Amino acid sequence: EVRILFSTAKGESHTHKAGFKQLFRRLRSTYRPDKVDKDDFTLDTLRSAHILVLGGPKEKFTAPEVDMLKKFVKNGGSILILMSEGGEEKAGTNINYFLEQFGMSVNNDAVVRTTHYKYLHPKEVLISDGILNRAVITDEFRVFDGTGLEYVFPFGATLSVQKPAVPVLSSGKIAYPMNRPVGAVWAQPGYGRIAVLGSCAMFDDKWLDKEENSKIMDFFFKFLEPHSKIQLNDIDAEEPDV
């Protein structure tokens with residue numbers, strides 16, 4: 001019914017093989033996930049699918065590959081792009097050339113905690129007030145208002161977001177840099193949709209089950225699925241607290 005392709009075509013760090021195993025498994029409950037490899041990375045393969053996932057690409061896209069992605073969305077397909085700390089510079093890709101055409105860009109930075117949590121490494125950030133659009137929901141040393149859901153954002157980068165895109169998740173107040181977009185989307189009635197997340201690790205085998213990460217996961221695939229019922233809150237979209 002809903003077909004999801006997990007790409008391995010650009011050396012993705014997170015795939016069915018390694019990184020997104022539990023994610024792949026949990027998507028079978030409601031969707032039909034598959035892989036797409038380098039030889040199969042074409043418009044014909046994509047046209048039969050509904051959601052394309054790029055789980056941390058580590059190689060450059062050619063100009064025809066970028067046109068292909070644009071065509072896919074234009075014909076109603078959805079794209080979920082997940083990046084990581086260091087952005088595209090460290091990863092060795094050029095996906096921002098696609099993303100900036102839709103008002104989005106992955107930054108070359110790394111989100112870290114500014115407060116103490118015992119069991120987290122500094123780049124594993126607990127975010128309790130980072131919900132920018134409510135449609136997502138609907139002393140010791142160093143120890144709608146955007147709350148309502150808590151998640152862990154491990155080893156991620158921030159995003160630069162402008163119209164026509166809309167930011168939906170932020171780094172929250174106890175991270176550096178604070179209150180910067182960490183998740184964003186693009187949509188147009190009659191066409192496909194794009195979602196960008198600055199972290200692959202937040203959906204990996206360790207973190208998908210922690211806090212409410214899988215609820216964030218639930219939101220994004222419901223948002224990206226064909227004829228989605230998800231509508232962004234318009235107040236939050238026009239005036240996001242970020």
Side-chain angles (χ1 to χ4, degrees), residues 2-16 18-20 22-28 30-34 36 38-62 65-66 68-73 75-85 87-88 91-96 98-99 102 104 106 151 153-157 169 183-186 192-210 213-226 228 230:
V2 178
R3 308 184 280 278
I4 301 172
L5 294 179
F6 284 78
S7 172
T8 69
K10 313 306 292 200
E12 279 79 356
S13 60
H14 291 67
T15 60
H16 184 13
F20 278 169
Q22 289 306 323
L23 172 58
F24 202 98
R25 257 160 218 179
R26 199 178 302 225
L27 290 174
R28 278 198 246 88
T30 322
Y31 309 106
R32 192 168 180 198
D34 203 351
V36 53
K38 195 185 342 186
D39 293 80
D40 294 329
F41 203 47
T42 79
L43 188 55
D44 293 351
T45 306
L46 285 188
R47 258 186 170 123
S48 69
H50 300 118
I51 302 177
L52 173 66
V53 176
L54 301 166
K58 305 299 173 194
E59 317 180 349
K60 294 189 155 198
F61 295 75
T62 73
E65 278 169 346
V66 171
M68 169 191 75
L69 296 181
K70 285 166 73 173
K71 291 176 174 332
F72 175 63
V73 170
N75 294 329
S78 284
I79 302 182
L80 172 63
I81 292 161
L82 304 105
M83 299 288 290
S84 59
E85 54 146 324
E88 79 171 11
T93 185
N94 57 346
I95 191 58
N96 278 343
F98 172 72
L99 291 180
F102 298 85
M104 290 172 287
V106 188
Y151 66 107
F153 184 77
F155 297 84
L169 294 178
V185 303
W186 182 96
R193 296 175 164 194
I194 302 160
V196 183
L197 279 168
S199 169
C200 304
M202 65 182 127
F203 290 164
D204 74 11
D205 300 328
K206 188 183 191 336
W207 295 105
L208 183 62
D209 292 299
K210 308 298 201 297
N213 286 38
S214 59
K215 298 179 178 172
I216 299 283
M217 190 269 287
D218 290 344
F219 165 83
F220 276 100
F221 284 94
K222 286 184 190 181
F223 174 84
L224 293 176
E225 75 180 20
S228 179
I230 306 280

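Residues take their numbers from the sequence shown, with the count starting at 1.
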Checking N94 now: which residues fulfil side chain to side chain donor-acceptor pair (under 3.5 Å) with it, not counting sequence neighbours? none

Less than 4.5 Å apart, side chain to side chain, heavy atoms only: is that true for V196 and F102? no

Are any of the side-chain heavy atoms of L52 and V36 separated by less than 4.5 Å? yes

Tell me if a side-chain donor or acceptor on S199 pairs with a main-chain N or O of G156 at a distance below 3.5 Å. no

Give me the ring orientation class for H14 and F20: parallel if the planes are under 30° apart, tilted from 30 to 60°, perpendicular past 60°. tilted

Any side-chain heavy-atom pair from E88 and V106 closer than 4.5 angstrom? no

To the nearest 0.5 Å, tell me how far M83 CE sits from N96 CG. 6.5 Å

Sequence neighbours excluded, which residues qualify as side chain to side chain donor-acceptor pair (under 3.5 Å) partners of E85? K123

Spatial distance of atom CZ (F223) from atom CD1 (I230) [nearest 0.5 Å]: 8.5 Å

Flag the pair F220 / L169 as yes when at least one side-chain heavy-atom distance between them is below 4.5 Å, and no otherwise. yes

Please round to the nearest 0.5 Å and tell me the distance separating atom CZ of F98 and atom CD1 of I95. 6.0 Å

Tightest non-hydrogen contact, residues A91 and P57, listed as CB-O, 3.6 Å

Under a 3.5 Å distance rule, please check whether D204 uses its side chain to pair with a backbone N or O of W207 as donor and acceptor. yes

Test side chain to side chain contact (heavy atoms under 4.5 Å, CB included) on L27 and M217 and set out the steps. CA-CA 10 Å; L27 290 174; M217 190 269 287; 3.9 Å; yes

Between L80 and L224, the two heavy atoms sitting closest are CB-CD1, 3.6 Å

Looking at every heavy atom in both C200 and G55, which two are closest together, and how far apart are they? SG-C, 3.8 Å

Separation of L5 CG from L54 CG (nearest 0.5 Å): 10.0 Å

Could you go through the salt bridge (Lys or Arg N to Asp or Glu O under 4.0 Å) check for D205 and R25 one step at a time? CA-CA 10 Å; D205 300 328; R25 257 160 218 179; over 6 Å; no

Residue pair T93 / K10, side-chain heavy-atom distance below 4.5 Å: no

If we ignore hydrogens and angles and just use 3.5 Å, is the side chain of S228 paired with the main-chain N or O of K222 as donor and acceptor? yes

Could you tell me the separation between the CG atom of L208 and the CD1 atom of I216, rounded to the nearest 0.5 Å? 11.5 Å

On a heavy-atom basis, the closest approach of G87 and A157 is N-CB, 4.2 Å

Out of curiosity, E225 CD to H50 NE2, how far, rounded to the nearest 0.5 Å? 10.5 Å

Exam field: side chain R193 to backbone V185, donor-acceptor pair closer than 3.5 Å: no

Single hit among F41, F24, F203, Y31 for ring pair (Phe, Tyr, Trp, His ring centres under 6.0 Å) with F6: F24

Side chains of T30 and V2: closer than 4.5 Å at any heavy-atom pair? no

Within the supplied structure, the quantity of interest is the number of heavy atoms (other residues, nucleotides, ligands) at a distance under 6.0 Å from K58 NZ; does it exceed 12? yes

Is the ring pair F153/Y151 parallel, tilted or perpendicular, if the boundaries are 30 and 60 degrees? perpendicular

Does any part of the side chain of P33, heavy atoms only, come nearer than 4.5 Å to the side chain of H16, both counted from C-beta? no

